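Note sheet for the following structure.
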Amino acid sequence: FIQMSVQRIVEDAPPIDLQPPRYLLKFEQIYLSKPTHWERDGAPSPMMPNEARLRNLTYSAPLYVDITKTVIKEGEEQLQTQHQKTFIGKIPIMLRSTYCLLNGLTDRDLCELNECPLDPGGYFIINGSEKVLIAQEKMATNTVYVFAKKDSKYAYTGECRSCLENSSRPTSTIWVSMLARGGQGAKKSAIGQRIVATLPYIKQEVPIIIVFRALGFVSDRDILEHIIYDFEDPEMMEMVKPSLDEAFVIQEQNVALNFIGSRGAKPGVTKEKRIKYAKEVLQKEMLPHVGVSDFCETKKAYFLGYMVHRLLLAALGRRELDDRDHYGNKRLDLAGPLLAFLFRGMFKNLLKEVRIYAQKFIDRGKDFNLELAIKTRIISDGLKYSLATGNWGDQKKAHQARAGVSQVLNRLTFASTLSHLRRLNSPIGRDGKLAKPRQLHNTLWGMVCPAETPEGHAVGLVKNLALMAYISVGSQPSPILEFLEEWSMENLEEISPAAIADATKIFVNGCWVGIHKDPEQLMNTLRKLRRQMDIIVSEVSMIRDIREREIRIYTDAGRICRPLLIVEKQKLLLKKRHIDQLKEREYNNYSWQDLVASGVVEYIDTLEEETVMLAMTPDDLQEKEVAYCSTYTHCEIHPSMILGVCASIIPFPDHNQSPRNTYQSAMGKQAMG
Amino acid sequence: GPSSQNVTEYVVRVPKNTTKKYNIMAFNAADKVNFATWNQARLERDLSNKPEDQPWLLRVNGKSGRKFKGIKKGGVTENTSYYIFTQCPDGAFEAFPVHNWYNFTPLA
Amino acid sequence: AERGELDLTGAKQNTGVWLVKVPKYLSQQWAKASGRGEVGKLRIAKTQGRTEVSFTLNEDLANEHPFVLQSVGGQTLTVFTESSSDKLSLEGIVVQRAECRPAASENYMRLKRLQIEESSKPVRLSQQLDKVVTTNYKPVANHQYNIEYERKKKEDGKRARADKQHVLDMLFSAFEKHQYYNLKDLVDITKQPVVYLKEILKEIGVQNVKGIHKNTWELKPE
Amino acid sequence: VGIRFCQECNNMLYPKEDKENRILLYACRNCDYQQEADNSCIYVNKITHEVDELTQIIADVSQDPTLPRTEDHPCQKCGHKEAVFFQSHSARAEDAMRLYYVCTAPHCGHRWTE
Ligand SMILES: [Zn+2]
Ligand SMILES: [Zn+2]
């Protein structure tokens, strides 16, 4: 969050051209310094983490920036000037990070500052207290989910929450419904159900053929090739036929834009404004993750077609509905993706009030001075407030925020400290009687502890993660895309929609980016690149489902992983040569990292864990016989790493009744030591 | 035949300048347009947008003899430039840069 | 002869053109075209069962690229021009499309060095500062205030206290061109005090809202 | 049973009736392109839904490392003695415990129930 996610926020911000002459302001580079305390008479000095606890201080670091200012009056000269290292505010610092005063110290120095060499770190010091951030769960984004609400007018529904690469405060969601069959009426009884859509920023439902024509594609031979990929299927074409009958009279682009443009946040009184209003809402709020530019609108058509092609498959009964609690559809918000969300809303709020100070000060035409425009109390007191009190919002917004984050570290016993820095939280209510978000799901194998959970009203709502579970941090999809195009992947534009029936649609991070005609050789080429870490980092997951005939790739942050042992034909890849040189790490410089980079272990996500065949122990499951299976793909290290922190101090836990192991894990957290 | 038994070698040049910008004019094959039927054509930037960005308006065989609208492609040199290769009387090849891609479609 | 007139000569000649896709790094090499702008030589070998085209860089331009032929079917392609004299011309119809690809000369790491060399400057990073930079200086008169003070010393002194009747020559002068003028427009002419100017305006005229506030004075219709 | 597209404006051709020669005519509602019908039937509705999924399963499923295999039932079209079997895994699961097979030999793709 502090090396990349903060530099991008100020760099990708609109300048403030303002005005006769007019002025320029844009931000270039961000710096930080080590945490510092300003004495009573203005002499600075580095604060150590201990004084922050004793004197009820706050452990933070000052923040600077470079601003350049050019005046544009066409006065036969463009006068530019810059003020570098301008003060902005102060950011809290997580202890033992790369920006703390305790980074990379030895035990002889950690004891010299009165610090414990065993202290793990990973918490903030805010007004003397010690705060810890709880990872929040969240539904995965940029994918299509098909549910069935058995209470309302809809017989089926699709969803896709979109967000354009960490750059939007909201996330636009779009449904693609389908009305019920038993609609009591002597009119639509014969034609059938009509596919509907509920776009954002509009009041009324919209038929899909209308919103298709608003992108061009007025013809009905071109629309029905984005939605149906093979015309030898009469059963599906019959289902889409009664979708054209109601969108038959409105048969051109401009009148279509007026139809959707008539019902917005503002009903257009004139015509050109509606045709203008309907233009961007269908261009910057519809599927922003595909592309937000006004060009490349053939992609927004294919994806909207795939979203509808997938809704019909769920009605003919050819593919099963999606699961809400399947743990492969969830993401986790750590301290990174949480403080970055809170820093946007306070950097925009800092630019919104340089204008108000510039306009009031430039109408009198005197001059401009920026060091007096920056209100430094915006970022400092903004972060420090929400962290200290918990409500994830603003001070005047103590009613619209999500509460329960950022509670105080537990220091009763050393194993109650570790079990606090490793804790999840599902944001559903704390008294709802619905059992399906509380029961234990099959997909929690090896990534969340099965026994450790509190009783009372919060049963199954907070959970602790297992010992070897590892959460990903994120990366950029740029280097995989440049490799995919040079490995014979046809783009979407330069292809004919009839060469799509026997091809495997290739997704990357949620976006449809082409097709391919020989997938099985692409796959085991993508994999042997990751095994030895040339182009692709080790935390990307690559799924291939043979039946639905597609391939998915993920690179974002929040997916949960765990290492496994790679298995070839029927033998492990971990030979003895790796052990007798791994018991020597003290004076050999051979460690875990040299083990991943040699292709003997591998991180396996939850989604990827459905296309795998695991063996639980080598010497017993990989022997040729009349055998259960013969195509094992991975092997576990030790099956005892499926337990949390407080549940792995129980001797012989496989001999007790199950509710007993839950009580002790919530009871060894309050034992004196 | 020479498509199976033909061997040759020609020089390629890429001139740093041209007397005219080079663009691509693309037609749907499915229409199978007889260019011979084009006695004349008019070609003007589209007026809905009331310049270099303007979509083209092509009027063939008179104002209503034949008419198409050309819409600019999103990109043309975003990763790889496109070149026009032309044969010269000296056998050597001449390469011309593609400035833009316009999509042309038929109009009732 | 008209601006919107399109030459159809190329088409009517059935003139053919070739279309080739070229990587940017090569295209960047080509912007440095040797001599007039020749970038090398093209080699074409056709056999009974196969056909091979490739291009080889000019030795100068250097300081085998196989071709992949692409289909032009499904979309008719023609080339049209704009001269430096803005004359318009259709040179031909595209009879071939092709792509220049690497072959047995590189692997991914080699391809990667080139991407890095193209960055030179990447997306910006948050650097680590040493100690703390100075933030508060010791300025005496704020620079903005001093500029305002000078303008106020250069102004507030050209008040035309005299010309008791001559202004009226200049005021009426302006009033004939437009029936009414915003107080500010009248001030832009008379540098004398507004209060005293309003007395001169009130003496020879009346102010109408004209309908959108904007204090506006006009000559009496009598 | 299929669908008909207009040859001028590429739209959906509706069926119409003419009172002259007693023949089905397919008409358009944007233009009025015409032609006659060869099969002279319009609507069909299969309620039994007894479609055999031998027409819906793909031949590349034999590349799945998570499916059981067999040495008993060999392939008929090629004689390979290794198959991979599974269940319907679809709707119409009232009495659906059949067992479809797929040959695993490369470039055979033969499928058969039993
Ligand atoms: Zn028609
Ligand atoms: Zn077989």
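Following the order of the structure tokens, first chain is A, next is B, and so on, with residues numbered from 1 inside each chain and ligands from 1 in the order they appear.
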For this session: Please check which protein, DNA or RNA residues sit within 12 Å of ligand 2, counting only C-alpha atoms and all ligand atoms, and write them as a count of residues only.
Result: 26
When the cut-off is 12 Å and you count only C-alpha atoms and all ligand atoms, which residues lie near ligand 1, shown as a PDB file with N, CA, C and O atoms, in the first residue's frame?
```
ATOM      1  N   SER A 219     -29.098  -4.694 -36.552  1.00  0.00           N
ATOM      2  CA  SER A 219     -29.565  -5.897 -37.219  1.00  0.00           C
ATOM      3  C   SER A 219     -29.753  -7.033 -36.218  1.00  0.00           C
ATOM      4  O   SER A 219     -29.127  -7.073 -35.158  1.00  0.00           O
ATOM      5  N   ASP A 220     -30.629  -7.969 -36.576  1.00  0.00           N
ATOM      6  CA  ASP A 220     -30.905  -9.105 -35.712  1.00  0.00           C
ATOM      7  C   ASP A 220     -30.190 -10.370 -36.152  1.00  0.00           C
ATOM      8  O   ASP A 220     -30.390 -11.427 -35.548  1.00  0.00           O
ATOM      9  N   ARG A 221     -29.375 -10.292 -37.203  1.00  0.00           N
ATOM     10  CA  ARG A 221     -28.441 -11.375 -37.479  1.00  0.00           C
ATOM     11  C   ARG A 221     -27.118 -11.128 -36.774  1.00  0.00           C
ATOM     12  O   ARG A 221     -26.388 -12.069 -36.453  1.00  0.00           O
TER      13      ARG A 221
ATOM     14  N   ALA B 108     -28.878   1.594 -45.773  1.00  0.00           N
ATOM     15  CA  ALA B 108     -30.159   1.537 -46.462  1.00  0.00           C
ATOM     16  C   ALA B 108     -30.541   2.925 -46.956  1.00  0.00           C
ATOM     17  O   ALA B 108     -30.179   3.936 -46.348  1.00  0.00           O
TER      18      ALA B 108
ATOM     19  N   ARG D   4     -35.202 -18.628 -40.085  1.00  0.00           N
ATOM     20  CA  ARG D   4     -34.971 -18.067 -41.411  1.00  0.00           C
ATOM     21  C   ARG D   4     -34.636 -16.593 -41.289  1.00  0.00           C
ATOM     22  O   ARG D   4     -35.351 -15.843 -40.619  1.00  0.00           O
ATOM     23  N   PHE D   5     -33.551 -16.182 -41.936  1.00  0.00           N
ATOM     24  CA  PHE D   5     -33.131 -14.791 -41.954  1.00  0.00           C
ATOM     25  C   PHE D   5     -33.375 -14.196 -43.334  1.00  0.00           C
ATOM     26  O   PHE D   5     -33.178 -14.850 -44.360  1.00  0.00           O
ATOM     27  N   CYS D   6     -33.804 -12.940 -43.345  1.00  0.00           N
ATOM     28  CA  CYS D   6     -34.025 -12.211 -44.585  1.00  0.00           C
ATOM     29  C   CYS D   6     -32.721 -12.083 -45.360  1.00  0.00           C
ATOM     30  O   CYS D   6     -31.629 -12.013 -44.791  1.00  0.00           O
ATOM     31  N   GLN D   7     -32.845 -12.053 -46.684  1.00  0.00           N
ATOM     32  CA  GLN D   7     -31.697 -11.962 -47.570  1.00  0.00           C
ATOM     33  C   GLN D   7     -31.358 -10.532 -47.950  1.00  0.00           C
ATOM     34  O   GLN D   7     -30.389 -10.307 -48.680  1.00  0.00           O
ATOM     35  N   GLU D   8     -32.128  -9.557 -47.470  1.00  0.00           N
ATOM     36  CA  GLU D   8     -31.858  -8.155 -47.763  1.00  0.00           C
ATOM     37  C   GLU D   8     -31.400  -7.400 -46.523  1.00  0.00           C
ATOM     38  O   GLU D   8     -30.313  -6.812 -46.535  1.00  0.00           O
ATOM     39  N   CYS D   9     -32.192  -7.402 -45.453  1.00  0.00           N
ATOM     40  CA  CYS D   9     -31.866  -6.641 -44.257  1.00  0.00           C
ATOM     41  C   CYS D   9     -31.390  -7.513 -43.102  1.00  0.00           C
ATOM     42  O   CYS D   9     -31.149  -6.983 -42.013  1.00  0.00           O
ATOM     43  N   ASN D  10     -31.242  -8.820 -43.318  1.00  0.00           N
ATOM     44  CA  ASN D  10     -30.725  -9.744 -42.312  1.00  0.00           C
ATOM     45  C   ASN D  10     -31.521  -9.656 -41.010  1.00  0.00           C
ATOM     46  O   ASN D  10     -31.003  -9.292 -39.957  1.00  0.00           O
ATOM     47  N   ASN D  11     -32.805  -9.986 -41.108  1.00  0.00           N
ATOM     48  CA  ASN D  11     -33.657 -10.012 -39.927  1.00  0.00           C
ATOM     49  C   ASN D  11     -34.426 -11.320 -39.857  1.00  0.00           C
ATOM     50  O   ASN D  11     -34.167 -12.238 -40.639  1.00  0.00           O
ATOM     51  N   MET D  12     -35.369 -11.416 -38.931  1.00  0.00           N
ATOM     52  CA  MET D  12     -36.076 -12.666 -38.712  1.00  0.00           C
ATOM     53  C   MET D  12     -37.294 -12.760 -39.620  1.00  0.00           C
ATOM     54  O   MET D  12     -38.158 -11.879 -39.620  1.00  0.00           O
ATOM     55  N   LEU D  13     -37.357 -13.834 -40.400  1.00  0.00           N
ATOM     56  CA  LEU D  13     -38.459 -14.060 -41.319  1.00  0.00           C
ATOM     57  C   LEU D  13     -39.617 -14.733 -40.600  1.00  0.00           C
ATOM     58  O   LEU D  13     -39.463 -15.817 -40.033  1.00  0.00           O
ATOM     59  N   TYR D  14     -40.774 -14.091 -40.634  1.00  0.00           N
ATOM     60  CA  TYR D  14     -41.985 -14.593 -40.016  1.00  0.00           C
ATOM     61  C   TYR D  14     -42.755 -15.448 -41.011  1.00  0.00           C
ATOM     62  O   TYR D  14     -42.636 -15.261 -42.227  1.00  0.00           O
ATOM     63  N   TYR D  26     -42.769 -17.306 -46.088  1.00  0.00           N
ATOM     64  CA  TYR D  26     -41.987 -16.642 -45.059  1.00  0.00           C
ATOM     65  C   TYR D  26     -41.759 -15.195 -45.464  1.00  0.00           C
ATOM     66  O   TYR D  26     -41.183 -14.926 -46.522  1.00  0.00           O
ATOM     67  N   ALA D  27     -42.204 -14.269 -44.623  1.00  0.00           N
ATOM     68  CA  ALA D  27     -42.165 -12.852 -44.939  1.00  0.00           C
ATOM     69  C   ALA D  27     -41.315 -12.118 -43.910  1.00  0.00           C
ATOM     70  O   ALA D  27     -41.084 -12.606 -42.801  1.00  0.00           O
ATOM     71  N   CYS D  28     -40.860 -10.930 -44.288  1.00  0.00           N
ATOM     72  CA  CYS D  28     -40.126 -10.039 -43.405  1.00  0.00           C
ATOM     73  C   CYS D  28     -41.029  -8.887 -43.001  1.00  0.00           C
ATOM     74  O   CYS D  28     -41.994  -8.570 -43.701  1.00  0.00           O
ATOM     75  N   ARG D  29     -40.724  -8.271 -41.867  1.00  0.00           N
ATOM     76  CA  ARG D  29     -41.504  -7.142 -41.387  1.00  0.00           C
ATOM     77  C   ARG D  29     -40.720  -5.839 -41.388  1.00  0.00           C
ATOM     78  O   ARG D  29     -41.191  -4.844 -40.830  1.00  0.00           O
ATOM     79  N   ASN D  30     -39.532  -5.827 -41.988  1.00  0.00           N
ATOM     80  CA  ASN D  30     -38.811  -4.597 -42.290  1.00  0.00           C
ATOM     81  C   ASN D  30     -38.886  -4.292 -43.782  1.00  0.00           C
ATOM     82  O   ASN D  30     -39.338  -3.217 -44.183  1.00  0.00           O
ATOM     83  N   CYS D  31     -38.456  -5.235 -44.610  1.00  0.00           N
ATOM     84  CA  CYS D  31     -38.792  -5.273 -46.021  1.00  0.00           C
ATOM     85  C   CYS D  31     -39.866  -6.342 -46.222  1.00  0.00           C
ATOM     86  O   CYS D  31     -40.394  -6.904 -45.259  1.00  0.00           O
ATOM     87  N   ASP D  32     -40.203  -6.636 -47.475  1.00  0.00           N
ATOM     88  CA  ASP D  32     -41.185  -7.680 -47.734  1.00  0.00           C
ATOM     89  C   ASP D  32     -40.630  -8.759 -48.653  1.00  0.00           C
ATOM     90  O   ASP D  32     -41.313  -9.204 -49.581  1.00  0.00           O
ATOM     91  N   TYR D  33     -39.399  -9.184 -48.401  1.00  0.00           N
ATOM     92  CA  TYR D  33     -38.809 -10.326 -49.082  1.00  0.00           C
ATOM     93  C   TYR D  33     -39.674 -11.549 -48.805  1.00  0.00           C
ATOM     94  O   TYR D  33     -40.238 -11.679 -47.714  1.00  0.00           O
ATOM     95  N   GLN D  34     -39.776 -12.440 -49.785  1.00  0.00           N
ATOM     96  CA  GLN D  34     -40.682 -13.575 -49.696  1.00  0.00           C
ATOM     97  C   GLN D  34     -39.960 -14.850 -50.102  1.00  0.00           C
ATOM     98  O   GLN D  34     -38.956 -14.805 -50.819  1.00  0.00           O
ATOM     99  N   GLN D  35     -40.484 -15.983 -49.636  1.00  0.00           N
ATOM    100  CA  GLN D  35     -40.148 -17.295 -50.172  1.00  0.00           C
ATOM    101  C   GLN D  35     -41.054 -18.328 -49.517  1.00  0.00           C
ATOM    102  O   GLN D  35     -41.704 -18.058 -48.504  1.00  0.00           O
TER     103      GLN D  35
END
```
Exercise. Tell me, which residues of region 4-108 of chain B carry DSSP strand (DSSP E or B), written as a ChimeraX atom specification?
Worked result: /B:7-13,20-28,41-45,56-60,66-72,80-87,93-97,100-106
For this session: Run DSSP on the backbone and give me the residues of region 21-63 of chain B it puts in helix (DSSP H, G or I), as JSON, numbers by chain.
Result: {"B": [29, 30, 31, 35, 36, 37]}
Selection export as an mmCIF file, in the first residue's frame, atoms kept: C-alpha atoms:
```cif
data_model
loop_
_atom_site.group_PDB
_atom_site.id
_atom_site.type_symbol
_atom_site.label_atom_id
_atom_site.label_comp_id
_atom_site.auth_asym_id
_atom_site.auth_seq_id
_atom_site.Cartn_x
_atom_site.Cartn_y
_atom_site.Cartn_z
ATOM 1 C CA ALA B 29 -16.520 -9.587 -47.934
ATOM 2 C CA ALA B 30 -20.084 -10.798 -47.374
ATOM 3 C CA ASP B 31 -21.316 -7.905 -49.521
ATOM 4 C CA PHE B 35 -15.885 -1.928 -57.565
ATOM 5 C CA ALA B 36 -16.432 -1.743 -61.342
ATOM 6 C CA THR B 37 -19.931 -0.441 -60.590
#
```
Exercise. Which polymer residues have any atom within 12 Å of an atom of residue 161 (chain C), counting only C-alpha atoms, with same-chain residues fewer than 5 positions away left out, as a PyMOL selection string?
Worked result: chain C and resi 166-167+190-197+200
For this session: Kindly give the distance, in Å, that separates CA of residue 107 (chain C) and CA of residue 63 (chain C), rounded to a single decimal.
Result: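 That distance, rounded to one decimal, is 22.0 Å.
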Exercise. CA of residue 87 (chain D) and CA of residue 55 (chain D) are how many Å apart?
Worked result: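 Value for the CA of residue 87 (chain D)-CA of residue 55 (chain D) distance: 14.3 Å.
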Problem set entry | Among the residues C:222, C:82, C:18, C:175, the one that comes closest to residue 52 (chain B) [using only C-alpha atoms] |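 Of the candidates, the smallest distance to residue 52 (chain B) is held by C:82.
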How close does each residue of region 49-96 of chain B get to region 88-101 of chain C, giving the shortest atom pair and distance in Å to one decimal for every residue with an atom at most 12 Å away, counting only C-alpha atoms, sorted by chain and residue number, as CSV?
```
residue,atom,partner,partner_atom,distance
B:80,CA,C:99,CA,9.8
B:81,CA,C:99,CA,10.5
B:82,CA,C:99,CA,9.2
B:83,CA,C:97,CA,9.6
B:84,CA,C:94,CA,8.8
B:85,CA,C:96,CA,9.3
B:86,CA,C:92,CA,9.7
B:87,CA,C:92,CA,11.8
B:96,CA,C:91,CA,11.2
```
